Structures are given as structure tokens and as C-alpha cells.
Ligand SMILES: [Mg+2]
Ligand SMILES: [Zn+2]
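Protein chains in written order, with the entry's author numbering: chain A, 24 to 67, 75 to 106; chain B, 1 to 233; chain C, 1 to 226; chain D, 586 to 800, 823 to 1130; chain E, 440 to 1014, 1024 to 1283; chain F, 440 to 512; chain G, 21 to 74.
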């Protein structure tokens, strides 16, 4: 629980995103779909629920969303 | 030669008496150049005061344990080594400490002479036993950096005088770190990150400015020879 | 105890291209890093002058010979690189060399315009026989450190202009010593002793002064913030 | 040197390393070697030996002229910047002066890797045996920047580019200057004939010679990616001139362009004992471990690769290199000590820069070397920078503080290897494909990408990664509409399209429906 | 982080950068931007730190021997023409900076980038997926630094000096920050015994309970008796981790990081190892490790040893010349003599080299090397082989320091060249075994969470030697750890200890060595009664993630690779008696061994007869039936020594007892015998025991669940005998699950179902006896496969990877299975109306 | 110079990587003074290619000779 | 030595070489001489060995 500021791709941490979901691959998909949603928004759509950045690749936006418990995933 | 990018100094506070400064962007090489100089300047070139010796009643020999007090002599020595104290006379000033009777003693129970100040008066010193007490003298003076014990006294005119290591510096810890940076398209520049941990007697900023002043004095003692053909910004 | 004595800087001469400075007294554990900062600023950034490019009558690149000359062009340039000069203008200037017939073209055979000064005119450039003629043009400039050859396609457009690797540093060798001298040991001190050796283009004094100025203007950033 | 102190694998590797070692702009012979470089340099033949005793009449860099003692005048010619079969330079340079009296069998010129007639494949460099701040980890090595400033380990590399002009049904290829619609500046470095002009610097994609196949076309020769430099030479053959040519061909142009290459990071270095490693960090001179003379070291080697490889011969090499670069004088006032017994009366002393020889199995023993590490004449200032054990207290050019422990220092002979960077680096996003297999034209010359074999697929399947594997096997290598659509989607900014149905299946189907197999896909 | 060149990234990221150009108006038409990046104008370098921002890349080094051979990294833009690589992954990539190249792959689609960040990122692939041990741990120089930092010098400067009636302790400090101010004066060695006062570092457990009794808090003071290096080390570890105070041999570091992983997240362990490398590099440059012919020290006793042994050699040769000895027995004795001299010289060398020596420090620190090289260098190379492979009774009584003579240097080239030759055939053999192991698998994906079974295999965890203490088995971190339970633990009193469905690590081992219980039943893949694959609970915890394995994880390839990778570390054939890769190939292929041993078809006692060169055993049973016999037993194979715990049994004798499946002869039983006598489960267990014996004896740690996957797939079918009322032919090979489900769904007239017997196959036949036709059409005869498949109207369920690759469709693993592909994503209602 | 003193056991009339096993790629006590036991490539040509020693020459028949000093009494 | 221009390169050798290293690429030239009956080879043979050098 006690660590230092994760940097770059290490942010957000990963042992937390694994609590939002059931496994690593569910998280992979859970983020990729949100990322495509965001890219389509930015090109044409709920868009980023979180404060974007100068580029802030849509995947990092999606993972911050997930870290804020701003989404929900139902397996298939 | 007009230098490029005019390096700047930014601060980043971490606690009350702890901070982290960042100098960026430095020409490539000027990070390790001045980092260690700054470090040693902060740690041995800012003057300050500190305990130098002590004299307790009861323990002239067998410096093991003190009557009717729970701590040994050694934990008390440490606690007082953590004592923060100023002085304005540059003289082996003397202070006293007595808390006759059981209780708990704190620097707040010290009564210092003129000028001598005590910024950490709640520091724990000892916990007296039922029907116990404490009598001690505190020798204080000024200096720079760190000085181990002094026992260059051939004969003991002051017996029971236990000399203690002396932290005359208001700065307790410093660490520097050089990191790379790109300016426009050339990386391998130098950014310098120096972290400072002081005592409540001074803020980091002030110590950094004092050290800068000292090193300016020195490199001006060098520049005074011809005063020509250097960098400019 | 405390101390009220401030540090002094006394000079000493071992030679004309060399010197030794002494800084004393000093807090203990203070002289090594001080001397190293000076040394780094010396070896790194002391303004100077050096050859920036050359041109020759007949040849068109570094990879061809010159009639009558016993040295190819690359060896000529590698011998020029040991050349020392001193320009007194923040602009590029031009030197000229002209030689005919038998004999050794040294650096003394050059015609430095006013402001420049060739401080090793006994430098072997190239030897010649009864068939040789060496006509050279040099460019000179100011700077610091090491600067690779700015390619001709990048600089002004021309052919025959040969860009070279520039070394703008008059400093040749620096070291430092620390005698932990103590005033009858009553409290430790440090004595710093810098030994400096230059390329004869400028004296040590000037170099130590340039280092001092650099470090003043640097530590002024810690000075400023109050 | 010191072979019986190495192991056969590392000696094998050292041998096969010397054999791959580029010639440098300036050659320097081993301060510590074996009595075998002179004779090798003679017998090979890249030097010039005096046919007959005589007297040096004339000397240039292209010609040497000896008027012999019998009356005849021989005239040797020298090869200058001659491309080998491997891009090297074979430049020769004389080492004699006019009026000199040469015997027969005497070296008149040096070669690419000789100095006064003895192999100089490398350089003597000041080396410190120590771990630095993690930049000499697992066989990597650290360099000063004096080896770049003073172009110590700099090499010249020449390269050849040929274009043929032949006949064709549609017409005849005619090499010219003019060309269909292109720039007007690109013809700057092109002479009246369409061939690039000597003394001109060039750059990838730029034009060397202009050729055409009718239509008309722009069939010009251009520099390949990476390689660059200065035009040395043009060797042009013509049907008309009648020199010689093959069949179907009418004209031929060879271009020779050179490249001076300073030692960068990624380049490979080695010594004669099986000790190689790429260059991790090229450090400024002011942050290198310098000596109590002010003398920085030139190369830093780690301690961890020596004792598990049994190549200690380089340690002894290093020590003797010191002993030589700094001469010696045994004090025989009372008599030759108990460790100079076997020594000649010629090694009892020597000045600085005193080359020596330690033949492989009749060479410097260890008592002799430990003793000669003490003699080791003082320096310019009367101080011995190196102990009687090979170790010198050093100083850090970053902290300025000395390292707490003395460090083995010396002079070692190292070598720069043909395994450079520019000739081993590659990268691709989308380029030429095969047109016989629908895959990139795999090759450094064809600008082909890297392969993704079975074991990589195995690893990827074991990660569970399944969209990247499909991305590699379909979108990147064989698929055609996929590559197009992905390049477009990325250059436009629209999310990547998703798979359709595998295209290695939408057609395989159409082969089993041909054998009248009713393959059906169902839920 | 990875450092990537600029004129390399540029090419990789040409499209993204053309996009950011035509968007940022540095170029008008994408062709202008392509021309720009083609001549590389000075404006295509200020955006490349925008696209590179968190867009990982995959680094690959061939040969790719296992998973970690591909790893994802974030690019840091450096100038040059080489790739900057982290010194901690190199042990996984198996890299060295001596000319080694490496490949860079860029992922494009969102799914790919996410897989790279979340699965293939190096900060997460810390642990071996073979034993659970760390690979991104401190390497050579780091170990030297941390072994210098954390070691104790009795006699140093600045140490605690035992107050003497005149002065106090004299070696005590109120904080690290003060011992550092001392260090920088000369008063304190960083390796000296001192007393410090610590507030931010958690004491050990003994003291944390002996001084606080209510819970240590950050800011509470205690007084540690340590060095300053151990302190500055324990400042690199997490805030809560107890103070260690131990020399940091590489084993200790492995321990500490194992604990961090078993107790903390994995981002913390990444940060910690990063700190440790930084500090070990600092303190290796400042350690004093450097070679010098002085530092290389020669024992003085060497001469006495060599002459004492040359005396015995003289004696031998005297015999030889006297006729009491032949020319081979002589060489055998000479070898057995000059093999001990090397032992003695190495012992002396160990007892003569100080500890402050660098050549002994780099060894004993566990950084690199060993003492055999140290002997070869300062002692004596000893004996050497001939090109045949035998020995040479003339040893090498000289070191590489003294200097080998000409002949010595000649007879030492033989083995060297033999090695440089063999070292490709070795790779090829390992790769062949791996190819097989991978082909038999490709259908063993994890498909469900639990099978709801109690079936399991029993595992021993300890044994009582003196009979009053239980002794913890050695290979229990391979047999018991990481597994999942099937039966609640119980003691002689009937008290429960651990729960069912529980992971089983050191905690549970400790807490099961309490009740005197040693044999606990565990779950395994050998028993997972699942339709396709295995349940995540029978498998256990994934050794990478350290937690329970996920759904869709390809665990057959993982086992294949974990067994292949160490294959080069094994003895091989001459290019059984030498049980290395040959034995593994002899087991995974179910081959009858050369030194076959017969087993007991029955229990009971033995009547042992022996005649010239032959044994005959007769097993009189205990039930009272027919005794069996084993008659033509080559006395070459001696017998089955037992070496019982007590009494020193020795050999198997007459009147002794025999359990079923017991072995009578020393050697190697025949799997098919075991199969018919004992049964399938015991076959599987025997095979795993044998394989792991092979490996263990050769220093390789493979958790038995991999062996179990492969074995499971080797006993995964039945030969039908009596069709019953089923759509089955006799003599056919049918998969046991289909067979169970068919003869189980047949309940209508369920009075005579299909009969079948198990069959033990190999990992190459079992790959021919596959149910798909795409795979088998890619391997073997296409036209006949397609013919047979088409007449039977076959269906390919696409349960595997091979056929999915062939088609070009996603794979049924990880991010390929329906559970995941079709996940629906929606913002919450709360955070939707926040627009 | 080592290309010219090279000995190949591969080429027209020689052998190939099939027959080329591990006893032709070995060092033999008949190489002392005739073939170098060290100089040879590291990969698939280990032991086949070699290099001729310095004091060695070649019989007219084709057998390599090395010199020895003669010793009497 | 045995070479006129011999940069003095001191030696730790303790033995004397009774046989100077031969030409190092004679293995090539001698063989190509035997192939064209050059007179050097013809005499080299006659000087020791057979009488009709073929
Ligand atoms: Mg390698
Ligand atoms: Zn199961």
C-alpha cells in the first residue's frame, strides 16, 4: 500500500486495476473497447469521463477512468 | 559566451524542514560539477551551535546507568545530540538542567542564558523514576558541520565531563541526483535534483542561499586574478 | 570551536605553460570537490581558438595526395590538429600559407593576420621536394570544447572546402592535491593545490579566472533565491 | 602475448578477432608485442621492400625512386585510398627520406596496418580494471572522448556503386544528365555526363549517376539508406572506347565513395585475448577516473569477466604496457637481483615508449614482471603513479573524491572490429514486398523486416496475447488490403479496423470446394 | 524503460508522426510529411516525444526459449545507434553486450498496446513461470556492491568500543544522517559495528514485540546494533519490511524479494529492485574489486602436495614395470590420484585466500564464477580429456598464472574444441524435445474455474528421522507449494488445521508441520475431470502472478518451454546409464528402457534363488493364490537395494515383503507394466517422479504441474474392446472424456455400454492421435486425412492453437475466448450525467 | 596472410556437413607443427577449416613436414 | 633481426632460434612453380632428391 508515484505506463498501478476486473485479459479488453470509443468520439459517444491531457493517449484515459470506478464490464 | 537556456532553480516542498530543489537545464557536465560541491557546502560550511560536552552528578566513573532515571546515560546523550540550540556569542556557553522529583523531562525544562535559544523544547530527554531526579550541565558553542568528540585534554580538570559528537550544522541530510534532459533536440543535458533535510533552526532555501554565497566568495577569490573571458547569462 | 580565517589564493610558477595555485585554509572534506569543479570547468569550457576548415589549390577532399608532398592530406590535417592559435575577434577569419620547392612547411611559414597568433611555429606540417608547391587557406574561429566537422553541405555551399574537427580548449592537463594541513591540529583544515598546464595559447591565471567566473554565474542561482 | 596464460577458447577468439580489425587512419604498433609482427607485415605484402640496395633518390606519396648502387633507377608506386574487397582502405605511406641509404630487404613504405614494418592493427590505450557506475556491465566497455576528438580509433571505409547501361527492345539505355521531371538542384553535383562530380558530398537518396530506360523513365543510381560520404572516384567503361564489357551491356559506371567513421557507441572493440564488448558510454575526459598526474584513463574494463574466462594474459599485457610506456632501470649496484638472473643485459634498463617482445612460450615470466613493476622510472614530476603491484590510486571526475582502493592500471593494445553500427542497424514500417509471396522482401539490401518464427509465436501464445499475434501474422506480413487499411487508419487517425474473417481461410475454402469437399462452418 | 535510437523510432513511428505533422501544420499534405521524414527535416523531432509517450514496444532476442524472451518496454528517446537495455532483464532475454543484436516490434491496435502494457510489460514479468522465483533480481556487480555494503569488518574504524569506566560506548550515533556526516570525514567505515537510533525503519519481530507490545509506529525510536550499510540498504526496502541485518549474499536477496512478492504488490518489487541496482552499482565502483597478478595468489603448499602425489605415481609405475598391474588399471589409478591433488589444492586455496580478496569476493558473493575456476587460475588445471572423451593420466600441474607449457597447452585444446563443436547439437536436441512437448499440447488451455471434484494426489511434506522431530522434505516447493487442496487437513485428534479449496504456501506448510501431519491430499491436473482442459483450481497458482491462474491461460506451452529451456543444462548422448535428455525422451515417449526392471504383479513375500549369472524370484502372495515368478534376471543388474531408514536393510532378500508395483531390480520399470498392474494414476505419478528425479539430480527447478500437464496428455485415450450399444468400433482410439460421456448419456437400455481399456502413448504418437484434421493435415499426409475426415463428416471444434493459426483466426487463449472478446463497456449512470 | 595459409576440409572432392561429424573436427597429435590447434572459426566450420603452422612446409606428394633438430649421443 | 630496417624491439626471450621462420606463403608459390617447371623449382629439386625433375 506504501509505494512511490508510478511513472508513465506504470501509472496507474496494476495490482489495483486487477481488483476492478476478474483477470488480466478482461482488463485488456475492458480498456481497449473504451479506447476505441474515445478515439471515435475524438474523431466523431460519451468521451473522456476524466480530465484529458495534451495528448494523453486514449488508453491511459481509459485506465484512469477504470481506476476511478467510472465504468462497468459484463463478461460474455 | 552567452550560455543557452538560462538555467532556473525551482523548489518543491516535502515537509516543514525538508525540501527538494531542481536546477534545469544545465550544460552537459555541470550537474556532477557543482552537485557535490553544494552538498559539502551545506553540510560543512554553514555555521551553527550544538552541545559539546555534559557533566552529570552521580556518574563520574562507570558510565552505564544514572540513579532513579529509567534511561541509561547513552540514550540521554543521543537525545541531547538531537537538541536544537542557537547561540550569539561564539563562546563555550553553559546551561543547566534539573527536574528534581519523578516525572518526565523535556527541553522546555531548560532555562538558557541570553541569546541561547531552543527551537525544539518538547524533545524527550528522560523519564524519572519514583523518587528520582536529574542534574546536568550542557556546554554549548558554535562551529560548522560535524566534529567528533574532543579529548585532547591531557589531564582531567573536569571529571565526569563526557564530550559528545557535535552537529554544528543546521543541515542533517542532503542527496543529489543528476538526470538527463532534452532542450530542443539534443538530450544528454543535465538536470540536477538536490534534496535537503534541515533542523527547525533554518529553512532549506536559506541554507542553499548561504552555500551559494560561500561558493561565490571562493570562485571570486579565483576570478579576481584577471576577471576576463568567462560565461555570461 | 569556530574559525574566523577566510581562504586565500597564492600563485606559483613551475613553467610558462604551467602553474600551481594554493587555496588555504579550507573546511575539512571540502577541497577535493572544489578542485574537481575547477578542473571540470577547465577541461570542459575555457574559450579558445582553433582551425575550423581548410582549402587547397588542387585537391578536392581529404582522400587525395598533393604533388611533391611526402604526406597525404589526412596526415597533413592530423598534423595541423596539433596547432595552437589565438584569435581576438568573435568572428571567423582567414589565414594563408604558400610554399614552393624543397623544404619543410612548418607553422612558422604561415602568415597570421593581425589579431591571430601562432604559438608553436616549429610545428611540422609537411615536407616538399623539387616538385612540390603547397598553397593552403585556413579558417579560424572561436568557441569551446570539441566540435565535429560541420559538413560543407550543411554550411555554405562550395567545393574544395574541407571541414575539420575543432578543439577549442587551451587547457592541456589539470590535477589537484589536498594536504590535510592543520593549524597545530587544534581543528582540522584543508590545503588545496591545483596544478595546471596549458597549450601556451593563454596562461593558467586566465583559465582559472574563467572557471571562477563560470562558477560564480552558476552558483548565483542558489544565491538569488532568498 | 601471454598465450600460455589464456585458455584455448579465448585465444581462438582473439586470433579470429585480429583477423577482423579495420585499418585506422593512423597506425601504432604494440608497446608490448611478440617478435612476429614485422615478419608478418613483410611476408603478407602490403608494404614496400627495397628490391636492391641503394640510395633514396626521390620521395613523394605517390612515387618513390631509388637510384641503386649498380646504376639502375627503380621506381616504386604507392596505392592511395584503394578500396579492398571489404570497404577498407589500403593506403600506403612512405617512411623514408631523400638521401637515405637503404639495404635490400628494407621497408620503404608502410601499409594500412603497419608502423615501420610491423603489424599495427590497434592502439595502446590507458585502461583501468574496475567496475564503473554500471555502464561496463556484462562485457560492455567505457571510453573517453579523446578517442573521438583525436580520431584515435577512426577508420576510413570506401564503398562501390555500379550501374550498367544496356540495350532493350523498347530502346537503348543512355546515361545522361537530363532526366524526366525532377528538381533542378539535384543536378548540382552532376557533371555534363550525368555522373556525380568528384569532391561532392552525398546523402541517402541523392543521385550518383543518371540512367534511363525508355517509356521515358528515371532509372538513376542513388545512395542506399545509411551509407553516405564523399565521392572519391569514378571508373567508367564504354563500348566505344573498347576497353571491355559483358554481353547485352554497352556502358558501365563504378562510383567510389568514402566515409570516415569515428568510434561511436554500439561499435565493437576487443583485445588479443578474447575480450570484446560493445561501447556503452563515451564519457567526457573530465568524468573519467584520472590519475595523480592529471592523466585521465582512456578505457575502463570490468573485473567480472576476467577470472571466469581465464584470459588474464591481458592483465599481464596491461602491466607490461605500463612498464614500457614508462621505462625502467634495475638497480644493479650490489648485483643483479634474484629475479633478473635469467634476464639479458639489455632489459636491465629502457627509456619510455620502449616497445618490447614477450614471445608466446619464451616470454616475460611473472617474477620478472613483478620486479619490473617496481623499477618503472618516475614521471615528469618525480612521482610513480603506479605501485609495485600494478595498482594506482585514482580520482573520480564526478565527485572529485578518490576511490578508497587502488586500481590496476596500465596500457593495453585493443582493436576496432568490422562489426560496426551503421552496417548492422535496420528498421522498417512499410516498404518493398516480394510479389511472389506477398511478404516483405526480407533483407538488409531489400529493406526487409524481421521474421516472427515459431518460437516467438509460442511465447506470445503463452502470454495469452492474441490480438498482437493476429496483428503480426495477418495485418503485417501477408495480407494486402489489411496493410493498406492500417497504414491509412494510422495516417488519418481513425481507430484500427477489426478483423473480418481470416483471409487465409476465405480462399483455402475455395480450394476444398474445388475438390468437391463440402466444408461448412457452423455455430 | 527502454532506450531507443532516433533514426529508428522515426522509421517505426512514421505514420503516427506524419499524422501529427499534417495535424500540427508542419506539413500540408501527407506526401509533404513523408518527404520530410524521408529527408528528416529538423521539425520531426519535437513531436516524437508526443507519440512515444506511453506507446510501448516489444523487444525480442533469439533464440526465444520461453515467455520472457519477448518483453514490452516504454521507449526513452536516446541518440546513437544502439538499444539501451535494462541490466535486470538480460538474465531472461539471456543477453550480453558482446555483439548481441535484438529486435523491436511495434504494436498498433488498442488490444495490442493493452496486452503489451498489462501482460508483456517487464515490471510485471518479474517471476519465472517455471518455479515462481525472480529473474529481475540483482546481477553480478549489484551483488558485489550489496555484499560490500552489508558486511561486517571486526577491526574497522568508527566502531563501538565497550565503555571503559572512563568514557561511554564511544561508537554511538543518534541517526543515519549523522553516521553519514561521519563517513564523509574518515571517522566511520560504512562496514563498522555501531549503535544507531532508528525511527522510520521497522525492527525485527523479536524486538518489535519485546520493546513495544502494542505495535510499532513510524516515528517510534529503537536502538539498532548494525552497520551503516545495512541501514542504507533497509532504506531501499518497503517502509514496513522488518530490518534484516544480514550479509546480502545473492540467496538472501532472492529470499527477500520472494517475500516482497508473496506479501506486497509487484510495482513495489519493481521499484525496490531498481533501487537495489542503483545502490549496488554505486557500491561496486567503490568496493575495490580489480584483478592483478598480485591479487591472484598461489598457495605455498602446492609443491608439497604435487610431490607427495608424484611419489604414489612412481609407486604405480613401479608396479606396472613389475607386472602386478595392467596398462588401463594403471591409468585409472593415476587419474584417481591426480583427481585428489586438485581437491587438496583447491581446499588450500580456499583456506589461504583472505576474504577481502576480489577473486574470492566475486565468487562467494554469488555474483559469478566458482572455485574450480579459481583453482584453474591460481592452482592447477589438473586433468584434461582426449578428443575421444577419456582422461589423460598426465595432468596439468600448472595454472594459467604460472603458465602452461607447450604440451599442456596442446592437450587442453581437445576438450575445448569438442565443446565448441557440440554446442549446436546440444541446442538441437533440446529444441527437438521442446517441439514435441509443444505439439502434444496446444489444447490444454484453462476453460473453467472448478470441476467440483475431490480427486487428488497425495503429497508428503516431511519425515521424522530421530522420530521425535519431523524433517521438512527437500523438494516440497515443487510438489506441494503453489497447489490447491482437495481434503480438509486433520490430525490424530480430529482437529481441522487448514481449509479445503485453499492455496498452499509456506504459511500452510508451517501450520501443517504443527499437528504432526505430513501426507496431505492435493489437487492436480492429473485428476481434473473436465470436458476440455483443466480447471483453474486443479492447476493451482500461476507462478508468474503468484495468485490463482486465470481463465484462458495457455498452460501447455508454459510447461513445454519451462522444460525445454534448461535442456542444455543436462547430460546427453555420445555424439539410461547417463540419465539426462535421453531419459526424458525415453519417458515422454513411453519407451521400454534398456535396463528394465521387473515389478511385483502381486503383494506378498519372496523366495529368492540364484544360479550362475542369474536370479529367480518367486512371489508367494498373502491372499493364498497363485505365486508368480521372474526367472531370467541378469545378475548384472544387481538387485533392489532399499537402504531402509533404520537397521541398514541393504539388499532385497528372501522372506522380505513386497507391495504391488514395487521394484525388484535396480534400474527402471516399464511404464506399461505399471499401467496394467497398478493403473493410470500410478503410471502418471511414477512418470512425474522419474522425470523430476532426472532434473533435480541436475539442478533444475520445474514445478511438477508442468510434467503433470504433459503426462495427462500422454494417458488421455482408450482402446475400445466391446463396443456395447455405442457408435464405436473396436480397436479404435477414443478420447476418454467423449467415451465417458457417450457411455454415460446412453441410459436407454443402459445394460451393456461400451468397454474400453487405457493405453499409454508417447508425446509424438499422442500428437498423431489427435481429433482435429486441420492440424493433422498441416503435419502429415494431407489428402488421406481429408478423405477420411470427409467420409466421416468430421467436425473441428477449434479447441486448439495450431488450427486457429492456420485459419488465421484468433486463438482460444487469453484475449481470444468468448468470455472476453464480447465484453460490453458502459459508463456508469452517475458519471454519464456529469457532462 | 591467413587466408593463404588456410587448410580446408570442404569443397569439390572433400566432404559436407553430413559426413562432417566430430572426429574430423578434432585435434589430433599429428597436428603438432603441421596444423594449428587453435585457429579456426567458431560456428558450423569448427575444426574443418584450419591454418598452417609457421615452420611447416609441404612434401611434393602433399604431406606436411615440420622441422626437427637432430640429436646424436 | 635479419631485417635491415629493424625497429629495436627488445625481447624477454631466453632461447636462440636455430632456424629462421621461412617465407610464410611459400606453400602457394612453390606449388605454382612445380606447375610451370620454373627453373627455381627445377634446381630446388635437383639440389636434393630426384634427377629428372618433372
Ligand atoms: Mg552474446
Ligand atoms: Zn479440476
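Backbone N, C-alpha and C fix where the C-beta goes; we use that ideal spot for every residue, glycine too.
query, result
"8 Å Cβ cutoff met for residue 88 of chain C and residue 646 of chain D", "no"
"Heavy atoms of ligand 2 versus C-beta positions, residues under 7 Å", "E:889, E:890, E:892, E:962, E:966, E:967, E:968, E:969, E:973, E:974, E:976 and E:977"
"Short-range partners of chain D found in the segment 162-177 of chain B, where Cβ spacing is below 7 Å", "none"
"Any C-beta of chain D under 8 Å from that of residue 31 of chain G", "yes"
"Same chain only: Cβ atoms within 6 Å of residue 240 of chain C, ignoring 5 sequence neighbours per side", "Residue numbering for chain C in the displayed model covers 1 to 226; residue 240 of chain C lies beyond these limits and cannot be assessed."
"CA nearest to the CA of residue 226 of chain B, picked from C:213, C:226 and C:104", "C:213"
"contact_flag[the segment 741-758 of chain D, the segment 1054-1069 of chain D] where n(CB pairs < 8 Å) is 3 or more", "no"
"Pairwise C-alpha distance: residue 535 of chain E and residue 91 of chain C", "49 Å"
"Test item: CB-CB of residue 223 of chain B and residue 216 of chain C under 8 Å", "yes"
"Residue interval of the beta strand (DSSP E) (run including residue 441 of chain E)", "441-443"
"Residue-chain proximity (residue 488 of chain F, chain D), Cβ-Cβ < 8 Å", "no"
"Burial state of residue 74 of chain A (16 or more Cβ within 10 Å)", "Placed between 67 and 75 in the numbering, residue 74 of chain A has no coordinates, as chain A goes from one to the other without interruption by modelled residues."
"Distance, residue 732 of chain E Cα to residue 1143 of chain E Cα", "40 Å"
"At least three beta-carbon pairs within less than 8 Å, the segment 1231-1244 of chain E to the segment 957-968 of chain E", "no"
"Neighbouring residues, chain F, relative to residue 597 of chain D (Cβ below 8 Å)", "477, 478, 479 and 481"
"Cβ distance (whole Å) where residue 628 of chain D is taken to contact residue 44 of chain G below 8 Å", "4 Å"
"Spatial distance of residue 188 of chain C from residue 181 of chain C (CA atoms)", "7 Å"
"Residue 1000 of chain E in three-state terms, based on DSSP", "helix"
"Contact residues within the segment 640-667 of chain E, judged by C-beta distance below 8 Å to chain B", "662"
"Among E:1049, E:573, E:463 and E:469, the one whose alpha carbon lies nearest that of residue 711 of chain E", "E:573"
"Nearest-angstrom Cα separation, counted from residue 1138 of chain E out to residue 1070 of chain E", "29 Å"
"Bridge-paired residues (DSSP) for residue 49 of chain B", "B:142"
"Ligand 3 heavy atom lying under 7 Å from the CB of residue 717 of chain E", "Ligands present in the displayed structure are limited to ligand 1 and ligand 2, and ligand 3 is not among them."
"First and last residue of the uninterrupted alpha helix (DSSP H) at residue 797 of chain E", "797-803"
"Residue 538 of chain E Cβ short of 7 Å to ligand 1 heavy atom set", "yes"
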